[PDB]
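A quick write-up on the structure given underneath.
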Amino acid sequence: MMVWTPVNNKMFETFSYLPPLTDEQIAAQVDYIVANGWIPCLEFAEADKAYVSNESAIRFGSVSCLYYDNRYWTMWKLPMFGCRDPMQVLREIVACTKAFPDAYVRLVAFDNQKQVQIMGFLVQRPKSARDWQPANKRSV
Amino acid sequence: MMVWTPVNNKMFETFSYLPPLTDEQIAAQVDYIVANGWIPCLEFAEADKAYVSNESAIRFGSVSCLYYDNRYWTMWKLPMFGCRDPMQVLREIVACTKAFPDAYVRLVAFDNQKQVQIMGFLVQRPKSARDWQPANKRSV
Amino acid sequence: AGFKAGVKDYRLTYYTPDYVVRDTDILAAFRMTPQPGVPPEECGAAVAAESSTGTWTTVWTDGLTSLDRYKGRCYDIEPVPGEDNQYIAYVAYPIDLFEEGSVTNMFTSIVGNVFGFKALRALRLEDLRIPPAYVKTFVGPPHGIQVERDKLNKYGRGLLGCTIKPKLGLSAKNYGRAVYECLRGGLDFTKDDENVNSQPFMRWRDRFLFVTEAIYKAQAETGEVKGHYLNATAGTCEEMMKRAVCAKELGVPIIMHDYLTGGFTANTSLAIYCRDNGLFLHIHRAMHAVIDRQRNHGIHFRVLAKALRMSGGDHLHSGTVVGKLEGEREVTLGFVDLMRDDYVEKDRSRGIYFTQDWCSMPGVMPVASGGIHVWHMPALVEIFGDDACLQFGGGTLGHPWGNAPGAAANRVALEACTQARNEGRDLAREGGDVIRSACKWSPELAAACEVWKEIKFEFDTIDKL
Amino acid sequence: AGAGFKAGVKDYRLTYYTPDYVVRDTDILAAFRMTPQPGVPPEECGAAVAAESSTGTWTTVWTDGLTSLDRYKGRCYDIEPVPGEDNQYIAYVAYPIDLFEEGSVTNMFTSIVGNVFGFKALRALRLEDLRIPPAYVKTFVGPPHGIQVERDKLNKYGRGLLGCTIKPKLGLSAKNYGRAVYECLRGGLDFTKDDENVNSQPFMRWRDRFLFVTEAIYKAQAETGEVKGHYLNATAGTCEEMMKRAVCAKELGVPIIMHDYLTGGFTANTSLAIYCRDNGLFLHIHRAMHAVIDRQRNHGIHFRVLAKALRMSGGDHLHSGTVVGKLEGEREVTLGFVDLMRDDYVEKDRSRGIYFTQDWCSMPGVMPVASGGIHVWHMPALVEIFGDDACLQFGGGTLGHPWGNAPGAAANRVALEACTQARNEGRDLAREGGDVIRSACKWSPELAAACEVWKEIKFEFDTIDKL
Amino acid sequence: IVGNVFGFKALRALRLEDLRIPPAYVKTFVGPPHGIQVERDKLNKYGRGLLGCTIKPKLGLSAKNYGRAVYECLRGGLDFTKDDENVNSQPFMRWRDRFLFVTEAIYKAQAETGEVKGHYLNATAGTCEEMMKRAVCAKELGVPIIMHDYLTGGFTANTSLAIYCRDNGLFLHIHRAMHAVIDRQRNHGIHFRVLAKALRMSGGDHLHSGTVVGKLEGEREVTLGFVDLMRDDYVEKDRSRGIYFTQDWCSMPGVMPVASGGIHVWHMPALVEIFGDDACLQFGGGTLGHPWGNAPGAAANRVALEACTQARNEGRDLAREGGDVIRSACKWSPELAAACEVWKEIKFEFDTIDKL
Amino acid sequence: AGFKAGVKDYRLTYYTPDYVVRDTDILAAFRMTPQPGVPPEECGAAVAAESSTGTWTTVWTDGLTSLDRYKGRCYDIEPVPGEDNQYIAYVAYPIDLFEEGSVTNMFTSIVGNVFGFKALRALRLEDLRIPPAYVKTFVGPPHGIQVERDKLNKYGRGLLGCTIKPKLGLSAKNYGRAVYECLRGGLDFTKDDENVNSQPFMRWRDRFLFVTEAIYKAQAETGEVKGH
Ligand SMILES: O=C(O)[C@@](O)(COP(=O)(O)O)[C@H](O)[C@H](O)COP(=O)(O)O
Ligand SMILES: O=C(O)[C@@](O)(COP(=O)(O)O)[C@H](O)[C@H](O)COP(=O)(O)O
Ligand SMILES: O=C(O)[C@@](O)(COP(=O)(O)O)[C@H](O)[C@H](O)COP(=O)(O)O
Ligand SMILES: [Mg+2]
Ligand SMILES: [Mg+2]
Ligand SMILES: [Mg+2]
Ligand SMILES: [Mg+2]
């Protein structure tokens with residue numbers, strides 16, 4: 001019996017239960033976005049604004065249902081409308097992480113027919129982050 | 001495309017989106033106060049009391065609408081009623097910042113006919129502040 | 001035309017094979033089995049009459065109104081291939097017949113009395129064409145798929161749920177204990193069993209409190225938004241509402257309701273409350289199979305699913321295809337589209353008898369639940385795509401290492417399958433390989449895979465097209 | 001080591017088949033007509049039904065050990081073969097009283113019929129009967145009034161009550177509804193009613209109807225000197241609309257509303273029954289949609305269970321079928337559930353479909369309503385089948401009379417009273433009924449005209465829901 | 001005053017140009033929930049015009065995308081964003097979902113910038129009951145400001161809403177949707193100045209005033225006249241500005257004029273010159289149409305405003321030197337430079353219908 | 001198709017002369033007078049755009065949604081016989097644009113801002129096609145003609161009413177006096193003048209009471225149902 005650790009084992013939604021994505025694995029996800037005609041976009045946040053929190057609810061009556069702070073992150077430039085070139089997305093990942101080397105950065109894609117984000121995963125975490133585990137240390 | 005930074009890019013209301021005011025630019029603003037017969041006043045706050053916050057709302061029912069802590073700052077002496085001398089205002093800026101070298105300090109002016117503050121801008125921030133950007137680093 | 005007292009054939013008034021249906025008419029497809037000696041035209045006409053304006057003998061009061069304006073009309077009859085005494089009778093109902101926003105009223109007319117007529121041996125409502133003009137009278141679901149994903153901040157994969165077990169008999173604190181351990185391992189949701197309401201072994205408000213502690217603990221631990229469907233199902237509307245109110249006041253994301261055992265009137269009220277207070281509403285279809293299992297008699301689930309979409313729910317159970325409960329693949333894919341999509345073309349190969357235009361009513365999240373485990377993951381992802389919630393009750397709480405490892409195994413399997421699909425892999429063929437690959441770096445998945453390796457649910461299907 | 005957690009799938013019968021279990025007097029009992037898939041032993045199929053309607057799922061869970069499965073588990077304690085069937089069994093399941101929410105029919109159904117009917121391992125399943133123990137019966141408010149109180153408030157004794165659905169079902173205006181109602185009530189009917197599907201609609205909004213019908217009730221009552229009512233439909237899309245309609249009836253001072261308990265639902269129905277108890281309104285229950293569930297012998301829930309459920313949830317009247325009219329209901333089956341609706345104590349009697357002795361522990365009886373495709377010639381049989389404690393309803397049988405509603409009502413009232421008198425005198429209604437009606441025709445021209453129009457009209461078909 | 005007389009056969013056309021509302025009648029009205037002084041005081045904003053922005057496209061955005069656009073707009077330097085007048089509750093976006101996501105956006109941008117933020121959440125609805133439910137939700141979220149379309153919703157609903165806002169300390173922004181149906185033609189209808197007076201009496205903290213220079217009509221002198229009628233305590237008769245009667249407001253709070261519609265960075269000097277500091281200037285397209293997105297768009301507008309404000313304060317003539325002020329600011333603001341380039345040639349100059 | 005910042009003609013997006021209207025679309029007929037130099041196609045397109053989804057310059061957010069799904073469409077333009085510069089511009093609005101049951105919202109879109117555009121000299125909304133699917137979202141009138149006649153028990157002739165005069169200035173009791181005398185002579189109804197609400201010369205509740213006495217007096221006297 002292995003025990004799933006409650007310390008410091010923070011996750012990051014889609015794909016965070018897999019081993020960290022290789023560059024080839026990231027490129028394959030980008031190919032998927034383009035193959036389907038979705039709109040790629042990058043978003044980022046400083047460490048303090050990375051995980052869901054409750055601080056604004058201090059201002060509320062009994063209306064906190066499905067309200068959380070830090071769901072919105074900051075948009076990198078604009079969604080890449082009309083983008084049909086995976087290499088363009090990969091170059092924006094490089095540009096974004098270069099400008100914000102200490103930020104969390106996620107790649108997302110929008111579908112304008114359903115008007116919803118249709119995919120997303122983390123592409124950078126700050127190297128100072130220690131609130132997460134390697135795949136083989138998630139259980140003990 | 002340049003990206004407007006969300007880190008640490010705090011502003012300070014009127015004129016905070018311009019390059020920092022020169023002494024000549026500050027003197028010109030003071031001339032404007034005197035030319036219009038408004039009442040100059042200085043206000044100050046320690047760093048912890050500088051920005052709008054919500055802590056008191058813990059004591060509230062559903063009445064937090066347009067309530068924020070740290071809107072009021074501390075009055076330096078009294079509003080300079082009857083002041084018609086710009087040099088007098090400039091000398092009080094010197095005196096205030098000398099007495100409180102680590103405080104935020106803003107110059108304001110009141111109109112007693114409308115009974116409202118009619119102008120205002122920051123004249124000092126503590127040199128330990130690092131939550132703000134120079135004009136050319138506001139976007140990346 | 002004077003009033004003539006006495007009995008005459010229904011078909012003289014209610015069989016209109018030349019009628020051109022109006023775009024505002026509600027249409028019904030009935031699988032009809034007449035008694036010997038009852039012509040299908042008469043049987044269809046009887047169904048149309050007694051679900052609309054008519055009774056067994058001529059009434060004089062018809063003359064004060066316009067029967068042409070109001071009557072239901074059997075406008076077409078199809079023989080059923082492979083059946084000597086089965087017909088699809090098509091009935092058109094004018095929109096004027098229905099109370100705006102009332103699924104209860106729609107069912108009362110269309111399925112109220114006709115299933116008990118001596119003149120027929122069996123009757124099954126297969127489908128309903130709900131016209132935009134009637135759809136528009138309904139509030140519909142509190143939120144719907146897009147809004148749900150947006151509030152949860154969850155995209156790019158199926159959602160994961162889990163019913164706490166044993167069904168009954170756990171204390172409130174043990175419920176929260178099980179919930180915390182499930183959520184912290186990677187599941188998005190857990191839930192009350194459909195029959196967990198308020199009972200001597202566990203009173204509802206104690207459960208809501210302990211579960212709330214568990215939701216917030218797992219959320220803080222993982223950094224992912226968590227929920228648990230707290231059951232509002234109750235004996236009275238007043239108790240149901242008390243439970244919804246408590247969830248609101250605890251700030252938690254989601255409640256559930258058993259829409260068929262609680263009923264459409266209670267359900268519609270609850271859905272409205274959820275819209276007004278921003279609570280998600282998970283719908284459990286308890287008792288559906290009493291109604292929808294048999295091919296010859298009852299109401300097909302696709303109609304029950306449309307009815308729920310109209311009455312209101314953010315989630316509705318859809319079956320698994322591969323799990324312990326019945327649901328044939330093509331039948332399921334058909335009603336899943338009817339639950340999620342805005343516009344669904346007629347397609348008899350998937351049991352869709354009518355083109356259905358939902359006129360922007362929000363889509364309902366299908367929930368695949370019941371007798372599924374890690375090895376089913378490739379098929380589930382292939383069948384449902386991303387816009388579904390996949391639930392593993394026993395498939396989590398039956399993991400040899402406990403709830404958290406159980407949750408991790410399911411979450412690993414889901415994400416591996418999702419990644420593989422995204423990479424161009426064929427889940428139908430390579431699914432076993434995807435799971436086996438993931439087993440190499442996930443001991444939690446490897447343990448789950450070992451326990452349930454041989455377990456399949458393959459039986460002759462009753463509800464066939 | 002004692003009993004540890006062992007992960008994995010095992011047979012349900014290892015835990016949930018207990019053929020030596022002695023049922024407790026507080027247990028809820030279920031009789032399931034069960035058709036297993038080939039290769040599934042009836043013991044395993046019964047055990048699966050017991051498990052998945054109580055505490056169990058498809059694989060072993062560790063959490064069982066935190067509690068006492070022995071205390072909480074449903075138990076398949078007996079399996080009976082069905083005479084004449086190769087693959088049908090009656091599986092008997094006992095559920096501890098602890099499993100159920102007090103006063104909630106919704107919860108009882110959720111456990112017992114929630115998921116088990118959809119299991120791949122079975123081909124068909126039908127709930128035939130439930131034994132509701134006194135200790136569970138006592139948690140329910142039950143019916144707002146019941147038969148005795150109903151007769152007492154109406155001041156009506158010594159005969160069946162007479163009702164009538166207004167027709168056409170839909171399409172009449174509010175004023176025409178009240179017009180039809182007045183003409184029906186004044187001719188001798190005790191009640192009229194909204195059709196089950198008359199709620200609120202473009203051709204007639206509910207509040208307009210309630211108002212005109214109220215005028216009609218009070219006019220007919222003043223004219224005849226007999227208490228009159230009309231079941232005003234509170235059935236609605238939401239609990240809030242349902243309650244608004246009940247409130248309006250209360251404020252008009254009228255006697256009776258109705259609810260479609262299956263299409264509206266048990267949660268709404270129980271709420272309404274409680275409101276009716278608290279404000280002294282009669283609640284007529286229409287069983288719209290029951291036949292979707294209860295028609296077929298091999299699958300669903302028998303009406304007798306739906307009738308018990310209603311009695312617990314609350315209703316003063318419930319439709320019972322006619323036996324002889326346009327809708328199905330076999331005599332012996334019907335007599336069985338009529339007793340279950342009305343009586344305090346009903347002994348096991350398989351020849352009437354009563355699988356369990358049922359003790360109602362003084363919960364009020366529900367008035368059976370015989371309605372649907374009946375006319376004056378049916379009267380002797382109806383009185384013979386039901387006795388005095390029933391409401392007999394003639395919709396078409398009133399509004400289809402060649403002389404109009406009041407003569408139609410008079411014909412029905414004359415037929416009922418003649419049959420009642422004849423029975424009281426010692427006459428055998430089964431044999432002499434035709435003669436009783438013909439005798440009454442000599443001094444009742446209204447009855448004579450009704451008898452002529454419907455002389456040849458019968459409803460005789462092969463019965464689907466057979467014992 | 002306007003009930004039946006406009007339809008009389010005996011006349012061909014009739015237009016109500018002005019009303020003299022006497023102090024004794026003014027005093028019977030609650031009036032605006034807060035007014036200009038209180039608004040500035042609660043916001044802690046002084047010394048410059050306020051900046052707003054309508055989210056676009058008008059309709060068709062989801063609740064989450066609405067909040068996304070809102071956060072990006074506010075964080076770049078705008079004080080306010082707003083629902084479009086016709087954004088109420090609809091199939092593509094239900095109101096309560098919007099209120100929630102927008103609330104997240106307001107608080108995010110406020111924490112990021114250290115300046116008080118708001119977004120006018122639309123309480124306009126089909127019924128008084130729906131309108132109130134929306135106002136209540138805003139109150140319970142603790143957000144600063146809602147909006148109402150006073151003419152399409154109506155005066156009875158508006159007055160009720162203004163009283164609720166007074167009693168619960170919510171700002172009330174007023175949109176004048178449908179005014180031009182009534183006030184456009186010289187020969188017939190009701191001049192806007194009367195509609196503005198009516199609003200001031202009924203209650204509103206903001207009212208749209210026109211831009212003079214933007215996509216919608218408003219002649220300079222006409223506008224300056226009713227702007228004074230909206231803001232000031234006492235306005236002398238002045239026919240050269242369409243003021244037919246001396247108007248004494250007897251201390252009823254002033255209403256903040258909102259200049260909105262078809263305006264961009266190059267209009268900034270004229271706007272500041274026309275309105276002065278006591279106005280809210282709104283750039284919808286002029287923000288969400290910036291080539292670099294909402295935050296840069298907002299920054300360009302905020303930079304332009306502050307540059308013009310500084311220049312005016314220094315003694316510069318905005319009417320003459322405005323172009324130079326903007327060009328100077330372009331040298332150190334790449335956001336402003338990019339905005340200036342896109343809209344350089346864009347003007348709205350047409351023959352005026354509503355002439356004195 | 002990427003985001004391209006800047007101003008382009010409205011007609012490029014909002015003039016769709018080949019559009020086939022849907023049975024759920026709300027249709028508007030606008031009598032439109034463009035400014036000199038503004039083509040009627042561009043003017044009609046501007047009206048369609050600014051009453052639906054569009055503004056004066058291209059916004060990037062269009063790409064997050066489907067403009068095709070939501071945009072108002074000027075789908076036809078008719079010249080007006082006898083007019084050199086007047087056109088009927090027909091606009092179709094998708095049902096999705098409107099709040100269910102809200103006349104306020106319908107007016108806000110269709111007549112909210114477009115009448116004030118500098119690019120046009122005059123605009124008049126002549127007609128609206130309200131489709132059944134939108135009609136069905138409204139409660140509508142409390143009773144309507146048939147129900148009204150039925151509750152009043154009045155058939156076979158026009159109903160008769162009467163506004164009390166002078167418009168303003170009568171006391172509550174004199175109002176009731178005038179009302180009683182009117183109703184008793186054969187009128188079915190009398191009424192408050194439109195501007196009679198509550199005022200110093202007559203407060204509403206006093207009037208309601210005196211009028212009520214008058215209604216019931218005239219009803220008892222005549223045997224006919226009366227109202228005010
Ligand atoms: O009670 C149960 O069996 C479940 O909790 C699943 O348990 P497991 O995950 O342990 O199998 C669900 O309620 C059923 O899936 C309902 O069936 P359906 O979704 O078909 O309506
Ligand atoms: O809608 C009808 O057909 C009735 O109004 C009877 O009309 P008639 O009197 O004209 O026959 C009743 O609702 C049925 O009796 C219901 O069936 P049941 O009692 O079996 O539930
Ligand atoms: O819907 C619009 O057009 C606006 O959102 C402006 O959008 P842009 O910022 O993109 O131009 C405003 O409502 C108008 O200013 C109203 O006109 P007015 O102020 O004259 O009442
Ligand atoms: Mg369950
Ligand atoms: Mg009926
Ligand atoms: Mg707008
Ligand atoms: Mg008048």
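Convention: chains lettered A, B, ... in structure tokens order; per-chain residue numbering from 1; ligands numbered from 1 as shown.
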| field | Members of segment 98-143 of chain E assigned alpha helix (DSSP H) by DSSP, as an MDAnalysis selection string | value | chainID E and resid 98:113 128:141
Serialized selection, N, CA and C atoms, as a PDB file, in the first residue's frame:
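The result, written out as out39.pdb:
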ATOM      1  N   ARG E  98     -22.843  36.484 -15.331  1.00  0.00           N
ATOM      2  CA  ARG E  98     -22.079  37.678 -15.654  1.00  0.00           C
ATOM      3  C   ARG E  98     -21.675  38.454 -14.409  1.00  0.00           C
ATOM      4  N   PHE E  99     -22.628  38.696 -13.506  1.00  0.00           N
ATOM      5  CA  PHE E  99     -22.358  39.479 -12.293  1.00  0.00           C
ATOM      6  C   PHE E  99     -21.217  38.847 -11.505  1.00  0.00           C
ATOM      7  N   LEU E 100     -21.218  37.522 -11.426  1.00  0.00           N
ATOM      8  CA  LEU E 100     -20.187  36.792 -10.700  1.00  0.00           C
ATOM      9  C   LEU E 100     -18.787  36.915 -11.338  1.00  0.00           C
ATOM     10  N   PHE E 101     -18.673  36.591 -12.623  1.00  0.00           N
ATOM     11  CA  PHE E 101     -17.390  36.701 -13.322  1.00  0.00           C
ATOM     12  C   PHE E 101     -16.874  38.141 -13.356  1.00  0.00           C
ATOM     13  N   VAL E 102     -17.768  39.097 -13.586  1.00  0.00           N
ATOM     14  CA  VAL E 102     -17.384  40.507 -13.587  1.00  0.00           C
ATOM     15  C   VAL E 102     -16.887  40.916 -12.201  1.00  0.00           C
ATOM     16  N   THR E 103     -17.525  40.392 -11.163  1.00  0.00           N
ATOM     17  CA  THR E 103     -17.078  40.677  -9.802  1.00  0.00           C
ATOM     18  C   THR E 103     -15.646  40.185  -9.599  1.00  0.00           C
ATOM     19  N   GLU E 104     -15.349  38.965 -10.056  1.00  0.00           N
ATOM     20  CA  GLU E 104     -13.974  38.468  -9.958  1.00  0.00           C
ATOM     21  C   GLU E 104     -12.977  39.408 -10.646  1.00  0.00           C
ATOM     22  N   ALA E 105     -13.364  39.879 -11.832  1.00  0.00           N
ATOM     23  CA  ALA E 105     -12.566  40.790 -12.644  1.00  0.00           C
ATOM     24  C   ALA E 105     -12.342  42.151 -11.975  1.00  0.00           C
ATOM     25  N   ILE E 106     -13.399  42.721 -11.387  1.00  0.00           N
ATOM     26  CA  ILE E 106     -13.295  44.011 -10.684  1.00  0.00           C
ATOM     27  C   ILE E 106     -12.259  43.909  -9.574  1.00  0.00           C
ATOM     28  N   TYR E 107     -12.376  42.862  -8.759  1.00  0.00           N
ATOM     29  CA  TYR E 107     -11.510  42.728  -7.592  1.00  0.00           C
ATOM     30  C   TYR E 107     -10.075  42.382  -7.981  1.00  0.00           C
ATOM     31  N   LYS E 108      -9.912  41.608  -9.062  1.00  0.00           N
ATOM     32  CA  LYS E 108      -8.570  41.299  -9.567  1.00  0.00           C
ATOM     33  C   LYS E 108      -7.843  42.562 -10.038  1.00  0.00           C
ATOM     34  N   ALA E 109      -8.508  43.334 -10.892  1.00  0.00           N
ATOM     35  CA  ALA E 109      -7.946  44.574 -11.418  1.00  0.00           C
ATOM     36  C   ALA E 109      -7.683  45.603 -10.321  1.00  0.00           C
ATOM     37  N   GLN E 110      -8.574  45.680  -9.331  1.00  0.00           N
ATOM     38  CA  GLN E 110      -8.380  46.590  -8.197  1.00  0.00           C
ATOM     39  C   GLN E 110      -7.138  46.229  -7.373  1.00  0.00           C
ATOM     40  N   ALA E 111      -6.992  44.944  -7.064  1.00  0.00           N
ATOM     41  CA  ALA E 111      -5.821  44.463  -6.311  1.00  0.00           C
ATOM     42  C   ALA E 111      -4.510  44.671  -7.099  1.00  0.00           C
ATOM     43  N   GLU E 112      -4.584  44.465  -8.413  1.00  0.00           N
ATOM     44  CA  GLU E 112      -3.426  44.611  -9.301  1.00  0.00           C
ATOM     45  C   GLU E 112      -2.958  46.069  -9.416  1.00  0.00           C
ATOM     46  N   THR E 113      -3.916  46.995  -9.515  1.00  0.00           N
ATOM     47  CA  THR E 113      -3.580  48.398  -9.797  1.00  0.00           C
ATOM     48  C   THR E 113      -3.491  49.265  -8.558  1.00  0.00           C
ATOM     49  N   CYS E 128     -40.169  44.951 -12.669  1.00  0.00           N
ATOM     50  CA  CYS E 128     -39.620  45.587 -11.472  1.00  0.00           C
ATOM     51  C   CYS E 128     -38.951  44.518 -10.580  1.00  0.00           C
ATOM     52  N   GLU E 129     -39.586  43.351 -10.475  1.00  0.00           N
ATOM     53  CA  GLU E 129     -39.097  42.243  -9.640  1.00  0.00           C
ATOM     54  C   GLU E 129     -37.739  41.708 -10.094  1.00  0.00           C
ATOM     55  N   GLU E 130     -37.563  41.559 -11.408  1.00  0.00           N
ATOM     56  CA  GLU E 130     -36.289  41.140 -11.982  1.00  0.00           C
ATOM     57  C   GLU E 130     -35.224  42.207 -11.792  1.00  0.00           C
ATOM     58  N   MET E 131     -35.587  43.462 -12.064  1.00  0.00           N
ATOM     59  CA  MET E 131     -34.699  44.598 -11.869  1.00  0.00           C
ATOM     60  C   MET E 131     -34.139  44.639 -10.449  1.00  0.00           C
ATOM     61  N   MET E 132     -35.028  44.499  -9.469  1.00  0.00           N
ATOM     62  CA  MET E 132     -34.632  44.515  -8.060  1.00  0.00           C
ATOM     63  C   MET E 132     -33.734  43.331  -7.690  1.00  0.00           C
ATOM     64  N   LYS E 133     -34.033  42.152  -8.226  1.00  0.00           N
ATOM     65  CA  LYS E 133     -33.224  40.959  -7.952  1.00  0.00           C
ATOM     66  C   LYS E 133     -31.794  41.199  -8.395  1.00  0.00           C
ATOM     67  N   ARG E 134     -31.636  41.853  -9.537  1.00  0.00           N
ATOM     68  CA  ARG E 134     -30.309  42.154 -10.061  1.00  0.00           C
ATOM     69  C   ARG E 134     -29.583  43.188  -9.191  1.00  0.00           C
ATOM     70  N   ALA E 135     -30.293  44.221  -8.738  1.00  0.00           N
ATOM     71  CA  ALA E 135     -29.704  45.209  -7.836  1.00  0.00           C
ATOM     72  C   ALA E 135     -29.249  44.557  -6.518  1.00  0.00           C
ATOM     73  N   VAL E 136     -30.089  43.662  -5.984  1.00  0.00           N
ATOM     74  CA  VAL E 136     -29.810  42.955  -4.719  1.00  0.00           C
ATOM     75  C   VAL E 136     -28.524  42.116  -4.851  1.00  0.00           C
ATOM     76  N   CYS E 137     -28.368  41.420  -5.977  1.00  0.00           N
ATOM     77  CA  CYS E 137     -27.184  40.603  -6.204  1.00  0.00           C
ATOM     78  C   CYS E 137     -25.930  41.482  -6.181  1.00  0.00           C
ATOM     79  N   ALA E 138     -25.987  42.630  -6.853  1.00  0.00           N
ATOM     80  CA  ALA E 138     -24.868  43.575  -6.836  1.00  0.00           C
ATOM     81  C   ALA E 138     -24.519  44.011  -5.419  1.00  0.00           C
ATOM     82  N   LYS E 139     -25.545  44.347  -4.629  1.00  0.00           N
ATOM     83  CA  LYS E 139     -25.375  44.715  -3.219  1.00  0.00           C
ATOM     84  C   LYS E 139     -24.661  43.623  -2.441  1.00  0.00           C
ATOM     85  N   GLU E 140     -25.100  42.377  -2.638  1.00  0.00           N
ATOM     86  CA  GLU E 140     -24.546  41.231  -1.907  1.00  0.00           C
ATOM     87  C   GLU E 140     -23.122  40.859  -2.337  1.00  0.00           C
ATOM     88  N   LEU E 141     -22.730  41.270  -3.541  1.00  0.00           N
ATOM     89  CA  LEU E 141     -21.352  41.068  -4.021  1.00  0.00           C
ATOM     90  C   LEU E 141     -20.416  42.199  -3.587  1.00  0.00           C
TER      91      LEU E 141
END
| Mind listing the residues within 7 Å of ligand 2, only C-alpha atoms and all ligand atoms counted, as a PyMOL selection string? | (chain C and resi 50+55-56+113+116) or (chain D and resi 164-165+167+169+195-196+286-288+319-321+327+369-374+393-397)
| field | Proximal residues of chain F relative to chain A (only C-alpha atoms; 8 Å) as a PyMOL selection string | value | chain F and resi 1-3+63-66
| Close residues, residue 261 of chain E itself excluded, 7 Å, only C-alpha atoms, min 5 positions apart in chain, as a PyMOL selection string | chain E and resi 211+214-216
Output N, CA, C and O atoms for every residue in that selection, as a PDB file, in the first residue's frame.
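Saved result, out-v7.pdb, follows:
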ATOM      1  N   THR E 211     -21.000  63.259 -26.953  1.00  0.00           N
ATOM      2  CA  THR E 211     -19.552  63.503 -27.041  1.00  0.00           C
ATOM      3  C   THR E 211     -19.218  64.768 -27.809  1.00  0.00           C
ATOM      4  O   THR E 211     -18.065  65.238 -27.758  1.00  0.00           O
ATOM      5  N   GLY E 214     -18.019  62.541 -31.397  1.00  0.00           N
ATOM      6  CA  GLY E 214     -18.110  61.118 -31.700  1.00  0.00           C
ATOM      7  C   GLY E 214     -19.146  60.742 -32.746  1.00  0.00           C
ATOM      8  O   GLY E 214     -19.582  61.588 -33.537  1.00  0.00           O
ATOM      9  N   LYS E 215     -19.549  59.467 -32.731  1.00  0.00           N
ATOM     10  CA  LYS E 215     -20.427  58.900 -33.758  1.00  0.00           C
ATOM     11  C   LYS E 215     -21.893  59.315 -33.631  1.00  0.00           C
ATOM     12  O   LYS E 215     -22.662  59.185 -34.590  1.00  0.00           O
ATOM     13  N   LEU E 216     -22.283  59.816 -32.457  1.00  0.00           N
ATOM     14  CA  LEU E 216     -23.674  60.215 -32.235  1.00  0.00           C
ATOM     15  C   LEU E 216     -23.795  61.737 -32.143  1.00  0.00           C
ATOM     16  O   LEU E 216     -22.853  62.425 -31.735  1.00  0.00           O
TER      17      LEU E 216
END
| field | Residues within 10 Å of residue 84 of chain A, only C-alpha atoms, excluding chain neighbours under 2 positions, as a ChimeraX atom specification | value | /A:31,33-40,80-82,86-89
Distance table requested - chain F against ligand 7, cut-off 8 Å, only C-alpha atoms and all ligand atoms: one row per qualifying residue with the closest atom pair and its distance in Å to one decimal, ordered by chain and rising residue number, as CSV.
residue,atom,partner,partner_atom_place_in_ligand_line,distance
F:163,CA,ligand 7,1 (Mg),6.0
F:167,CA,ligand 7,1 (Mg),6.9
F:192,CA,ligand 7,1 (Mg),7.4
F:193,CA,ligand 7,1 (Mg),4.1
F:194,CA,ligand 7,1 (Mg),4.7
F:195,CA,ligand 7,1 (Mg),7.1
